[PDB]
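# Working through the structure, step by step
The lines below spell out each chain.
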Amino acid sequence: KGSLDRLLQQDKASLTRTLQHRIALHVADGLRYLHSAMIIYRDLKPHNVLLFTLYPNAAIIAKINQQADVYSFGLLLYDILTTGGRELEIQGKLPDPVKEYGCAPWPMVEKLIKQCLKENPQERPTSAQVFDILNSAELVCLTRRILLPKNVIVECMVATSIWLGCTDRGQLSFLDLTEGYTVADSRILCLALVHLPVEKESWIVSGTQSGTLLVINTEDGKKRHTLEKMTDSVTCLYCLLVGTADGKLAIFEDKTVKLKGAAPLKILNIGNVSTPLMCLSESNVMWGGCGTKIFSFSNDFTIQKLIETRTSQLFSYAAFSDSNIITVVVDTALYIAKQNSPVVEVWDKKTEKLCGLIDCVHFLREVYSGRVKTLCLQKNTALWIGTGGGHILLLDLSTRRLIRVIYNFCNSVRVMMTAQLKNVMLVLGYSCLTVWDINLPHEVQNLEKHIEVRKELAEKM
Amino acid sequence: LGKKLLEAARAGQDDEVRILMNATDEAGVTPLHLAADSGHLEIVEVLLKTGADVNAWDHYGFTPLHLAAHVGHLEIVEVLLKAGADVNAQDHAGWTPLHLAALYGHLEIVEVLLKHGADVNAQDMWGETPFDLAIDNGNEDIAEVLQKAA
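Residues numbered from 1 in each chain as written, not as in the entry; some residues may be left out. Chains lettered and ligands numbered in written order. Heavy atoms only, no water. Residues with missing side-chain atoms left out of burial classes, pairs and counts.

Method of determination, as annotated in the archive: cryo-EM, at 3.7 Å resolution.

## Some words on the overall build of chain A
Note the following rule: Only DSSP runs of H or I with at least four residues qualify as helices, and only runs of E with at least two residues qualify as strands; both kinds are numbered from the N terminus onward.
Helix and strand content of chain A: 10 helices and 27 strands. Based on the C-alpha atoms only, the size of chain A along its principal axes is roughly 75 × 50 × 40 Å.

## Focus: unusual backbone geometry
All names here are of chain A. Inclusion rule: Think of it in three bands: residues with accessible area under 20% of the maximum for their type are buried, residues over 50% are exposed, and the middle band is partly exposed, with areas taken using a 1.4 Å probe on protein chains only.
Its identity as a non-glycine residue notwithstanding, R86 has a phi of 55°, on the positive side. Counting through the fold element by element, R86 comes out in the loop between helix 3 (68-81) and helix 4 (97-101). One non-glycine residue, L142, lies in positive phi territory at about 25°. Tracing the backbone through its elements, the reader meets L142 in the loop between helix 7 (137-140) and strand 1 (144-147). Among the residues examined, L142 registers a relative accessible area of 0% and is labelled buried.

## Overview of the sheet that holds strand 7 (residues 214-217) of chain A
All names here are of chain A. Using the following cut-off: When DSSP locates at least two bridges between a pair of strands, those strands are taken to pair.
Spatially, 5-6-7-8 is the arrangement adopted by the four strands of the open sheet, whose pairing is antiparallel. Lying at the two open borders of the sheet, with one neighbouring strand each, are strand 5 (188-196) and strand 8 (225-226). By the bridge criterion, four bridges tie strand 6 (residues 201-208) to strand 7 in an arrangement that is antiparallel. Bridging from a neighbouring strand, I204 pairs with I216 of strand 7.

## Brief notes about helix 2 (residues 17-36) of chain A
Our working definition: Any helix carries an expected span of 1.5 Å times its number of residues minus one.
An ideal rise of 1.5 Å per residue puts 28 Å on 20 residues; helix 2 of chain A measures up with 29 Å between its terminal C-alpha atoms. Where helix 2 of chain A terminates, the next one or two residues include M38 of chain A, which has phi positive at roughly 45°.

## Side note on the interface of chain B and chain A
Selection criterion: Residue contacts follow a heavy-atom distance rule, with two residues in contact if any of their heavy atoms lie within 4.5 Å. When two components associate, each loses some accessible surface as probed by a 1.4 Å sphere; the sum of these losses over both components is called the buried area. Salt bridge, as used here: a side-chain nitrogen of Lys or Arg that lies within 4 Å of a carboxyl oxygen of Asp or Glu.
With 19 residues of chain B in contact, the opposing surface of chain A contributes 22 residues. Summing both partners gives a buried area of about 1600 Å² for chain B against chain A, and 55% of it is carried by carbon and sulfur. Looking at the side of chain B facing chain A, the largest losses of area belong to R10, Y60 and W126 of chain B, adding up to 37% of the total buried there. Taken together, the connections running from chain B to chain A amount to one salt bridge. The salt bridge involving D91 of chain B is made with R371 of chain A; its shortest N-O contact spans 2.9 Å.

Below, the structure written as structure tokens:
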């Protein structure tokens, strides 16, 4: 049903990203076969692809010097990613795809083009290697990948344009997704957003080690105000809640933020200085942990349940269990991550007792530190787990089984959470920021199934 | 058997001891490893004499000096370098016992290991020395003695 000229000419809308990475995968699965049985092409062009029937979830979508063919395939992949482009052919000086042609960003292909377009016919990747790199979910989705300058390390970030919280003087950096990134004595440990749709203004509030909460708006950084929480290092904000280092938590009314130095509606105390409250999650019942113990809110802002998670030390290491909570995510079961702990436990919100364990290093050693850093929960059933090293873990809450150990192209990972930019991830680590589509694990499963089906068909033929 | 011993060492066998006549686990926890977390003292005086390995690292990679600087102890370290535990063993994240000591503000431990021949130029893939770990957590007191011994 057509040839790969018309859709590149007129049918630009139907060329979705998952379909874009279905032709090149299928072309390189024929080029690999050709070079396997010692053949050459010398005319690999979009004119010789001749798709069968274009729609993503299809078994077959399109099908057709030795190293001079890989250059032509790289040119074809360039003309696939850039839906257009019609002495410069063999020049090695073509413009970057998104730089001039204005295509949607897509790393690990924008780099594959450069890798396969080198002006030296001896080290460009062979077709087997090019197909091997081409088939990968980390390549297919990876919506964006922004890089940050040296010694701009960060440990807190929030969506909306993305606010980045970064020396010994607290400075915050406004990042826009453009892509040109840009105020307290103490460094900003944690940061979160609140929204007031009634007054069509959004106040962005950051926590500092000196405890001087800041009130600024996203449209301009001029109208600035402060609150009067203080008394410790604010470790978590949520929408307004505050979690300090002494276990105290300060609830805030939505409309109190505009007033200068507004008092909390009611100061709630959990524990002592050795127990910091650093995690707050939305289920209308709040959840969170302090030191080593979990609690629960109600509609009148009072603790209802208070379970002790020190009793988890009967399993795993006491050196990990006897630690502060970093983050909590509340599904039907409770997931909390301990400080410098490669073990994530599963807590039952009903029986108030442990019901399972998740060993991050047990998944990691099948593919580098393993110590959990952040937890992310996605929609119905998909769990995202960080790691102290450079790693990303995907889990399936149905069976707690690994989907794919995504390797972040950085030494470590610090903070990640869901976002709505089209729904995307936001993974940040040492410093690089990577943006992934929410459908990453289902995409991994679908691509693996489709590749298995296609391999079976090719073995049949 | 081995599972019962390694689980009870976490709680503390005291009396039960071990087979008057060094099994691992699927998680790789050895009796000394599980024992040095709870920080008992009978553990390393009734099991080291038996012949339990001074260094039998875990899947995480954890000699029972990393654990002793993790939980925070004095007697366990004082005893375990009597046998001659490797003061320069490295975690799978490249943490030495001195690194973990400086991470948790134990001046006593860094003082103990430094006099026993602990280095200060130990390295990880993050390129951080125990001085960096000490300052990053705000425990400049340990960094002072590390600089003095540097």
